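Chemist: Take this structure, written in structure tokens, and hold onto it; I'll ask about it next.
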Amino acid sequence: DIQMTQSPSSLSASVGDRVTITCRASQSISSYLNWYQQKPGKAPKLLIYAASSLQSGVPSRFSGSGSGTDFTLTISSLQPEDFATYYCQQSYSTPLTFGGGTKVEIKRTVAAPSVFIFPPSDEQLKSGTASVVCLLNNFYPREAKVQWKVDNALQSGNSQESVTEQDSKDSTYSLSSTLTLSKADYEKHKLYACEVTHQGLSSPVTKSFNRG
Amino acid sequence: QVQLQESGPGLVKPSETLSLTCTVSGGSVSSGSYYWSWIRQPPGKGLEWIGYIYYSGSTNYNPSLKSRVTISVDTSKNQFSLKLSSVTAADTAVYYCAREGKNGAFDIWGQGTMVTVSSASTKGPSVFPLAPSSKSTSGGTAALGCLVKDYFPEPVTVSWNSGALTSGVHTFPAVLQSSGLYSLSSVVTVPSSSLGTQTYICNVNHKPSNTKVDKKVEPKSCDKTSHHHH
């Protein structure tokens with residue numbers, strides 16, 4: 001088995017910056033090393049075959065150098081649509097092996113989130129469950145703090161959140177925090193608050209509703 | 001153009017065999033030696049190469065997966081399939097079919113199909129509306145969406161108005177709930193003017209349970225009494 005080491009694991013860069021990724025093989029594989037781009041939820045996409053040749057359709061801003069054991073992938077000017085995870089793969093001898101992967105994130109100026117809150121639907125209340133959804137749309141950076149408050153009582157341990165990936169155009173994130181309770185607990189309280197803390201906010205922002 | 005679509009069950013019970021079939025359309029499986037192969041990817045992990053079969057039927061398999069992997073070709077149907085027996089939880093991953101062709105390798109991949117290895121049975125989702133309202137608007141635009149809750153296994157796919165709506169749509173990655181099942185939300189940003197006049201329907205599809213559900217999303221109708229004009 002041929003081991004492939006990739007460095008770094010994570011990096012943040014701005015639009016137009018020059019990006020450099022390192023892939024290291026345990027032994028000489030000459031110019032048999034391909035580069036793939038995999039965006040989240042999509043299959044990987046072939047960028048570079050041989051060690052420096054550009055696959056048809058791939059923009060010229062991608063370039064790869066190296067031969068033997070040490071290889072480098074380089075994007076001349078990073079575009080917002082270039083956000084993905086890049087894997088190197090040796091194509092010399094079986095078994096075929098891939099690198100550890102390198103996540104390329106995009107740096108941009110602060111963007112404040114717009115906060116929306118959704119009360120549980122009537123259809124869900126007939127099933128005996130109540131979910132309150134809090135939505136943060138188009139913001140940066142990814143780091144955010146969502147704190148629920150029920151009748152001004154700080155909730156904890158009963159909520160989940162998931163974040164989208166960077167928007168291919170404006171490089172912002174979106175986040176949904178879902179607070180789920182039994183219909184009994186939801187009926188037994190009045191106020192439901194969603195407290196958002198973010199770098200784009202001068203002071204915490206709270207969206208709340210109370211008929212519950 | 002050459003395309004690769006994949007299929008097969010997305011849930012196998014442990015210590016049982018995996019059946020997957022990749023169908024090649026827009027091309028032939030007969031071009032000397034193309035090296036039709038299979039590659040799997042655990043969620044949040046990297047890529048692992050399984051093996052390949054080519055025109056003659058000779059096969060090279062990854063060592064750890066030897067004796068458990070068997071790949072074959074059906075030239076009269078333009079198909080090649082993969083079989084993996086005695087499956088454990090560590091085989092739950094997205095499986096891709098791809099062709100390694102001519103220079104380099106892996107010029108064309110498939111859509112990818114996820115296989116969850118569980119003793120549990122398939123549960124279809126419950127689709128609840130995320131209705132837009134006054135507290136669901138912040139300025140010129142308002143937000144609405146669909147909550148797809150308590151389903152297993154992955155994946156589900158959400159589309160708004162049979163794909164007619166794409167600008168402003170955000171479908172979130174699913175999450176493990178504290179009790180077993182998956183759940184995600186799909187939302188869309190719209191101008192607050194188009195609330196009372198434009199129709200919003202999310203189309204949820206869960207192939208593992210063969211369940212399709214459309215759900216109209218209408219503005220919130222509060223029923224702690226108001227006054228209504230005829």
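Residues in the structure tokens are numbered from 1 in each chain, the chains being A, B, ... in the order shown, and ligands are numbered from 1 in the order shown.
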List every residue of chain A that DSSP, applied to the backbone, labels as helix (DSSP H, G or I), and write the result as an mmCIF file with N, CA, C and O atoms, in the first residue's frame.
Modeler:
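Everything below was put into states15.cif:
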data_model
loop_
_atom_site.group_PDB
_atom_site.id
_atom_site.type_symbol
_atom_site.label_atom_id
_atom_site.label_comp_id
_atom_site.auth_asym_id
_atom_site.auth_seq_id
_atom_site.Cartn_x
_atom_site.Cartn_y
_atom_site.Cartn_z
ATOM 1 N N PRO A 80 -14.715 32.429 -5.434
ATOM 2 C CA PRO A 80 -15.700 31.964 -4.442
ATOM 3 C C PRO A 80 -16.221 30.570 -4.729
ATOM 4 O O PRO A 80 -16.503 29.815 -3.790
ATOM 5 N N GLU A 81 -16.354 30.203 -6.001
ATOM 6 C CA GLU A 81 -16.821 28.880 -6.390
ATOM 7 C C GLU A 81 -15.754 27.799 -6.253
ATOM 8 O O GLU A 81 -16.033 26.639 -6.572
ATOM 9 N N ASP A 82 -14.546 28.138 -5.805
ATOM 10 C CA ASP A 82 -13.480 27.161 -5.625
ATOM 11 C C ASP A 82 -13.485 26.520 -4.245
ATOM 12 O O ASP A 82 -12.595 25.716 -3.947
ATOM 13 N N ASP A 122 -49.160 23.454 13.196
ATOM 14 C CA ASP A 122 -50.344 22.800 13.745
ATOM 15 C C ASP A 122 -50.323 21.305 13.459
ATOM 16 O O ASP A 122 -50.721 20.499 14.307
ATOM 17 N N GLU A 123 -49.848 20.917 12.273
ATOM 18 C CA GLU A 123 -49.802 19.502 11.920
ATOM 19 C C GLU A 123 -48.891 18.725 12.863
ATOM 20 O O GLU A 123 -49.192 17.583 13.228
ATOM 21 N N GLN A 124 -47.772 19.328 13.271
ATOM 22 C CA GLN A 124 -46.862 18.642 14.180
ATOM 23 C C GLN A 124 -47.434 18.554 15.589
ATOM 24 O O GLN A 124 -47.144 17.597 16.316
ATOM 25 N N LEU A 125 -48.242 19.536 15.992
ATOM 26 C CA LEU A 125 -48.824 19.504 17.329
ATOM 27 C C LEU A 125 -49.824 18.365 17.484
ATOM 28 O O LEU A 125 -49.980 17.830 18.588
ATOM 29 N N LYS A 126 -50.508 17.977 16.402
ATOM 30 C CA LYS A 126 -51.404 16.827 16.476
ATOM 31 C C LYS A 126 -50.647 15.529 16.725
ATOM 32 O O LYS A 126 -51.236 14.570 17.235
ATOM 33 N N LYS A 183 -45.159 18.102 23.200
ATOM 34 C CA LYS A 183 -46.276 19.040 23.144
ATOM 35 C C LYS A 183 -46.731 19.443 24.541
ATOM 36 O O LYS A 183 -47.280 20.534 24.725
ATOM 37 N N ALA A 184 -46.504 18.581 25.535
ATOM 38 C CA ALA A 184 -46.824 18.935 26.913
ATOM 39 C C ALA A 184 -45.964 20.098 27.395
ATOM 40 O O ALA A 184 -46.481 21.098 27.907
ATOM 41 N N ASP A 185 -44.641 19.983 27.240
ATOM 42 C CA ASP A 185 -43.750 21.057 27.672
ATOM 43 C C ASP A 185 -43.986 22.340 26.888
ATOM 44 O O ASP A 185 -43.847 23.437 27.440
ATOM 45 N N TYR A 186 -44.336 22.227 25.605
ATOM 46 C CA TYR A 186 -44.569 23.423 24.805
ATOM 47 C C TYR A 186 -45.818 24.160 25.273
ATOM 48 O O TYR A 186 -45.844 25.397 25.298
ATOM 49 N N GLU A 187 -46.859 23.419 25.659
ATOM 50 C CA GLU A 187 -48.079 24.049 26.146
ATOM 51 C C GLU A 187 -47.892 24.664 27.526
ATOM 52 O O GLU A 187 -48.631 25.588 27.887
#
Chemist: List as a PyMOL selection string the protein and nucleic acid residues near range 32-49 of chain B, meaning an atom at most 8 Å away when only C-alpha atoms are counted, but skip any in the same chain fewer than 5 places from it.
Modeler: (chain A and resi 95-101) or (chain B and resi 54-55+62+80+82+91-102)
Chemist: With N, CA and C atoms kept, could you save the residues just selected as a CSV table (one decimal), in the first residue's frame?
Modeler:
chain,number,residue,atom,x,y,z
A,95,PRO,N,-2.6,-1.2,-4.2
A,95,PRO,CA,-4.0,-0.6,-4.2
A,95,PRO,C,-3.9,0.9,-4.4
A,96,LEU,N,-4.9,1.4,-5.2
A,96,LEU,CA,-5.0,2.9,-5.3
A,96,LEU,C,-5.4,3.5,-4.0
A,97,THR,N,-4.7,4.6,-3.6
A,97,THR,CA,-4.9,5.3,-2.4
A,97,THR,C,-5.1,6.8,-2.6
A,98,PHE,N,-5.9,7.4,-1.7
A,98,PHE,CA,-6.2,8.8,-1.7
A,98,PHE,C,-5.5,9.5,-0.5
A,99,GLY,N,-5.4,10.8,-0.6
A,99,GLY,CA,-4.8,11.6,0.5
A,99,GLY,C,-5.9,11.8,1.6
A,100,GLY,N,-5.4,12.5,2.6
A,100,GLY,CA,-6.2,12.7,3.8
A,100,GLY,C,-7.3,13.8,3.5
A,101,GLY,N,-7.1,14.6,2.5
A,101,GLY,CA,-8.0,15.7,2.1
A,101,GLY,C,-7.6,17.0,2.7
B,54,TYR,N,-12.2,-4.9,-15.6
B,54,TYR,CA,-12.0,-4.4,-17.0
B,54,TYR,C,-12.5,-5.4,-18.0
B,55,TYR,N,-12.5,-5.0,-19.3
B,55,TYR,CA,-13.1,-5.8,-20.4
B,55,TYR,C,-12.9,-7.3,-20.3
B,62,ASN,N,-8.8,-4.2,-3.3
B,62,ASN,CA,-8.1,-3.7,-2.1
B,62,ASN,C,-7.8,-4.9,-1.1
B,80,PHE,N,-22.1,-2.9,-14.7
B,80,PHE,CA,-21.2,-3.6,-13.8
B,80,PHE,C,-21.6,-3.4,-12.4
B,82,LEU,N,-21.3,-4.5,-8.0
B,82,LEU,CA,-20.4,-4.7,-6.9
B,82,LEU,C,-21.2,-5.5,-5.8
B,91,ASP,N,-18.8,-0.4,7.3
B,91,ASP,CA,-19.0,-0.4,5.9
B,91,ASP,C,-20.1,0.6,5.4
B,92,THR,N,-20.7,1.3,6.4
B,92,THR,CA,-21.6,2.4,6.1
B,92,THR,C,-20.9,3.5,5.4
B,93,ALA,N,-21.2,3.8,4.2
B,93,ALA,CA,-20.5,4.9,3.5
B,93,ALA,C,-21.3,5.2,2.2
B,94,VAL,N,-20.9,6.3,1.5
B,94,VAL,CA,-21.4,6.6,0.2
B,94,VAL,C,-20.5,5.9,-0.8
B,95,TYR,N,-21.1,5.1,-1.7
B,95,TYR,CA,-20.4,4.3,-2.7
B,95,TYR,C,-20.5,5.0,-4.0
B,96,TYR,N,-19.4,5.2,-4.7
B,96,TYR,CA,-19.3,5.8,-6.0
B,96,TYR,C,-18.8,4.8,-7.0
B,97,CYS,N,-19.4,4.7,-8.2
B,97,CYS,CA,-18.9,4.0,-9.4
B,97,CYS,C,-18.2,5.0,-10.3
B,98,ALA,N,-17.0,4.7,-10.8
B,98,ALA,CA,-16.3,5.6,-11.6
B,98,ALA,C,-15.5,4.7,-12.6
B,99,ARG,N,-15.1,5.3,-13.7
B,99,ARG,CA,-14.3,4.7,-14.7
B,99,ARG,C,-12.9,5.4,-14.7
B,100,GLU,N,-11.9,4.5,-14.6
B,100,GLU,CA,-10.5,5.0,-14.7
B,100,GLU,C,-10.1,4.7,-16.1
B,101,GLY,N,-9.9,5.8,-16.9
B,101,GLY,CA,-9.8,5.7,-18.4
B,101,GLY,C,-8.6,6.5,-18.9
B,102,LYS,N,-7.9,5.9,-19.8
B,102,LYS,CA,-6.8,6.5,-20.6
B,102,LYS,C,-5.8,7.2,-19.7
Chemist: In terms of the shortest atom-to-atom distance over only C-alpha atoms, which of B:137, B:72, B:111, B:88 is closest to residue 44 in chain A?
Modeler: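 Comparing B:137, B:72, B:111, B:88 against residue 44 in chain A, the winner is B:111.
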Chemist: Would you kindly return, as a list in words, each protein, DNA or RNA residue with an atom no farther than 7 Å from any atom of residue 217 in chain B, considering only C-alpha atoms and excluding same-chain residues fewer than 4 positions away?
Modeler: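 Once the nearby chain positions are removed, what remains is residues 129, 131, 200 and 201 of chain B.
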Chemist: Taking only C-alpha atoms into account, produce a table as JSON lines in which each residue of chain B with an atom at most 9 Å from an atom of chain A appears once, together with its shortest atom pair and the distance in Å to one decimal, ordered by chain and rising number.
Modeler:
{"residue": "B:45", "atom": "CA", "partner": "A:100", "partner_atom": "CA", "distance": 8.3}
{"residue": "B:46", "atom": "CA", "partner": "A:100", "partner_atom": "CA", "distance": 6.1}
{"residue": "B:47", "atom": "CA", "partner": "A:98", "partner_atom": "CA", "distance": 6.0}
{"residue": "B:48", "atom": "CA", "partner": "A:97", "partner_atom": "CA", "distance": 6.6}
{"residue": "B:49", "atom": "CA", "partner": "A:96", "partner_atom": "CA", "distance": 5.9}
{"residue": "B:50", "atom": "CA", "partner": "A:96", "partner_atom": "CA", "distance": 8.4}
{"residue": "B:51", "atom": "CA", "partner": "A:95", "partner_atom": "CA", "distance": 8.0}
{"residue": "B:60", "atom": "CA", "partner": "A:94", "partner_atom": "CA", "distance": 7.6}
{"residue": "B:61", "atom": "CA", "partner": "A:95", "partner_atom": "CA", "distance": 7.4}
{"residue": "B:62", "atom": "CA", "partner": "A:95", "partner_atom": "CA", "distance": 5.6}
{"residue": "B:63", "atom": "CA", "partner": "A:95", "partner_atom": "CA", "distance": 7.6}
{"residue": "B:96", "atom": "CA", "partner": "A:43", "partner_atom": "CA", "distance": 7.6}
{"residue": "B:103", "atom": "CA", "partner": "A:50", "partner_atom": "CA", "distance": 6.8}
{"residue": "B:104", "atom": "CA", "partner": "A:49", "partner_atom": "CA", "distance": 4.9}
{"residue": "B:105", "atom": "CA", "partner": "A:91", "partner_atom": "CA", "distance": 6.9}
{"residue": "B:106", "atom": "CA", "partner": "A:46", "partner_atom": "CA", "distance": 6.9}
{"residue": "B:107", "atom": "CA", "partner": "A:46", "partner_atom": "CA", "distance": 5.9}
{"residue": "B:108", "atom": "CA", "partner": "A:46", "partner_atom": "CA", "distance": 7.8}
{"residue": "B:109", "atom": "CA", "partner": "A:43", "partner_atom": "CA", "distance": 6.8}
{"residue": "B:110", "atom": "CA", "partner": "A:43", "partner_atom": "CA", "distance": 7.0}
{"residue": "B:111", "atom": "CA", "partner": "A:43", "partner_atom": "CA", "distance": 6.2}
{"residue": "B:112", "atom": "CA", "partner": "A:43", "partner_atom": "CA", "distance": 6.5}
{"residue": "B:126", "atom": "CA", "partner": "A:124", "partner_atom": "CA", "distance": 8.7}
{"residue": "B:127", "atom": "CA", "partner": "A:124", "partner_atom": "CA", "distance": 8.8}
{"residue": "B:128", "atom": "CA", "partner": "A:124", "partner_atom": "CA", "distance": 6.3}
{"residue": "B:129", "atom": "CA", "partner": "A:121", "partner_atom": "CA", "distance": 6.2}
{"residue": "B:130", "atom": "CA", "partner": "A:118", "partner_atom": "CA", "distance": 6.2}
{"residue": "B:131", "atom": "CA", "partner": "A:118", "partner_atom": "CA", "distance": 7.2}
{"residue": "B:132", "atom": "CA", "partner": "A:118", "partner_atom": "CA", "distance": 7.6}
{"residue": "B:133", "atom": "CA", "partner": "A:118", "partner_atom": "CA", "distance": 8.3}
{"residue": "B:135", "atom": "CA", "partner": "A:117", "partner_atom": "CA", "distance": 6.5}
{"residue": "B:136", "atom": "CA", "partner": "A:116", "partner_atom": "CA", "distance": 4.9}
{"residue": "B:137", "atom": "CA", "partner": "A:116", "partner_atom": "CA", "distance": 6.6}
{"residue": "B:138", "atom": "CA", "partner": "A:114", "partner_atom": "CA", "distance": 6.6}
{"residue": "B:142", "atom": "CA", "partner": "A:116", "partner_atom": "CA", "distance": 8.4}
{"residue": "B:143", "atom": "CA", "partner": "A:116", "partner_atom": "CA", "distance": 7.1}
{"residue": "B:144", "atom": "CA", "partner": "A:118", "partner_atom": "CA", "distance": 8.6}
{"residue": "B:147", "atom": "CA", "partner": "A:133", "partner_atom": "CA", "distance": 8.8}
{"residue": "B:170", "atom": "CA", "partner": "A:164", "partner_atom": "CA", "distance": 7.5}
{"residue": "B:171", "atom": "CA", "partner": "A:164", "partner_atom": "CA", "distance": 7.5}
{"residue": "B:172", "atom": "CA", "partner": "A:164", "partner_atom": "CA", "distance": 5.6}
{"residue": "B:173", "atom": "CA", "partner": "A:162", "partner_atom": "CA", "distance": 6.1}
{"residue": "B:174", "atom": "CA", "partner": "A:162", "partner_atom": "CA", "distance": 7.3}
{"residue": "B:175", "atom": "CA", "partner": "A:162", "partner_atom": "CA", "distance": 6.9}
{"residue": "B:176", "atom": "CA", "partner": "A:160", "partner_atom": "CA", "distance": 8.7}
{"residue": "B:177", "atom": "CA", "partner": "A:160", "partner_atom": "CA", "distance": 7.6}
{"residue": "B:178", "atom": "CA", "partner": "A:158", "partner_atom": "CA", "distance": 8.3}
{"residue": "B:184", "atom": "CA", "partner": "A:162", "partner_atom": "CA", "distance": 8.2}
{"residue": "B:185", "atom": "CA", "partner": "A:176", "partner_atom": "CA", "distance": 7.7}
{"residue": "B:187", "atom": "CA", "partner": "A:135", "partner_atom": "CA", "distance": 8.8}
{"residue": "B:189", "atom": "CA", "partner": "A:137", "partner_atom": "CA", "distance": 8.7}
{"residue": "B:220", "atom": "CA", "partner": "A:121", "partner_atom": "CA", "distance": 8.9}
Chemist: Among range 43-160 of chain B, which residues carry a DSSP assignment of strand (DSSP E), reported as number ranges by chain?
Modeler: B: 48-54, 59-61, 69-74, 79-84, 93-100, 108-109, 113-117, 126-130, 141-151, 157-160
Chemist: Which is closest to residue 76 in chain B among B:148, B:113, B:64, B:23, if we use only C-alpha atoms?
Modeler: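 Of B:148, B:113, B:64, B:23, the one nearest residue 76 in chain B is B:23, counting only C-alpha atoms.
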Chemist: Ranking A:138, A:38, A:26, A:77 by minimum distance to residue 169 in chain B and counting only C-alpha atoms, which one comes first?
Modeler: A:138
Chemist: Using CA of residue 11 in chain A and CA of residue 104 in chain A as the two end points, give the distance in Å to one decimal.
Modeler: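 Result for CA of residue 11 in chain A versus CA of residue 104 in chain A: 5.5 Å, one decimal.
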